[PDB]
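See below for the structure under consideration.
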Amino acid sequence: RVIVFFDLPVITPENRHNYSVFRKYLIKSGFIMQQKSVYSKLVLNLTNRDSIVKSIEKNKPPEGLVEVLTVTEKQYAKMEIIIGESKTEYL
Amino acid sequence: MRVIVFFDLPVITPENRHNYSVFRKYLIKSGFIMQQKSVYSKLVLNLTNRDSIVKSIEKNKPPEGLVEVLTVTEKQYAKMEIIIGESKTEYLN
């Protein structure tokens with residue numbers, strides 16, 4: 001499991017445009033949102049992983065930081081989830 | 001090992017922004033290193049301490065937002081790929 005998390009400027013309209021362009025690129029590459037600015041994708045082997053990361057490099061935004069972490073599916077399923085308004089209640 | 005905290009907190013209102021700084025401060029106080037605006041990490045030398053860290057984050061959680069806590073090896077953390085934004089048509093020094 002490949003995790004892409006990024007820290008991009010959001011001050012200007014052009015910053016925000018550039019943010020949306022990079023997000024759409026990730027979506028277009030099969031990445032799913034885990035939370036804001038954090039996306040993940042299962043990969044079958046490390047060749048596929050390296051190729052994903054190379055494509056991120058070629059499509060990176062003009063400013064900001066993008067980091068790529070690779071973990072096992074077990075490590076990912078053991079992630080602790082903490083939600084502020086935690087209760088589940090229907091109307 | 002390393003504990004990575006990914007947080008997605010609202011910043012729409014003044015209360016949201018205050019609570020954002022409170023949580024970030026709690027992470028600093030706790031010895032987490034900022035990695036990105038919304039991603040902090042801490043070296044863990046003893047797996048016993050991991051469960052203690054998670055319980056503390058749970059007790060100190062902000063009133064709204066998503067906090068996800070991932071445990072990875074030192075090697076996975078050291079080999080993270082760091083990609084720096086750059087224009088496709090940047091001038092070179």
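Chain labels A, B, ... are given in the sequence in which chains occur in the structure tokens; within each chain residues are numbered consecutively from 1, and ligands are likewise numbered from 1 in the order shown.
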DSSP alpha helix (DSSP H) residues within chain B, listed as JSON, numbers by chain: {"B": [14, 15, 16, 17, 18, 19, 20, 21, 22, 23, 24, 25, 26, 27, 28, 29, 47, 48, 49, 50, 51, 52, 53, 54, 55, 56, 57, 58, 59, 74, 75, 76, 77, 78]}
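All residues of protein, DNA or RNA that reach within 9 Å of residue 26 of chain B, judged by only C-alpha atoms and not counting those fewer than 6 positions away in the chain, are residues 32, 57 and 60 of chain B.
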Selection to disk with N, CA and C atoms, as a PDB file, in the first residue's frame:
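Once everything was written out, this is selection.pdb:
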```pdb
ATOM      1  N   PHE B  32       6.514  15.222  19.059  1.00  0.00           N
ATOM      2  CA  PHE B  32       6.348  14.932  17.649  1.00  0.00           C
ATOM      3  C   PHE B  32       7.059  15.986  16.822  1.00  0.00           C
ATOM      4  N   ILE B  57      -3.082  10.513  22.529  1.00  0.00           N
ATOM      5  CA  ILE B  57      -3.683  11.240  21.407  1.00  0.00           C
ATOM      6  C   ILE B  57      -5.198  11.175  21.499  1.00  0.00           C
ATOM      7  N   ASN B  60      -6.436  13.547  24.096  1.00  0.00           N
ATOM      8  CA  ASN B  60      -6.179  14.936  23.754  1.00  0.00           C
ATOM      9  C   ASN B  60      -6.696  15.295  22.362  1.00  0.00           C
TER      10      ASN B  60
END
```
Surrounding residues of residue 74 of chain A excluding itself and chain neighbours under 6 positions, 12 Å, only C-alpha atoms, as a ChimeraX atom specification: /A:1,42 /B:70-72
Chain A contacts on chain B, only C-alpha atoms, 7 Å, as a list in words: residues 8, 36, 37, 58, 61, 62, 63, 64, 65, 66, 67, 68, 69, 70, 71, 76, 80, 81, 82, 83, 84, 85, 86 and 87 of chain B
Separation of atom CA of residue 11 of chain B from atom CA of residue 42 of chain B in Å: 24.3 Å
In chain A, DSSP strand (DSSP E) residues written as a PyMOL selection string: chain A and resi 2-7+32-35+38-41+65-70+80-83
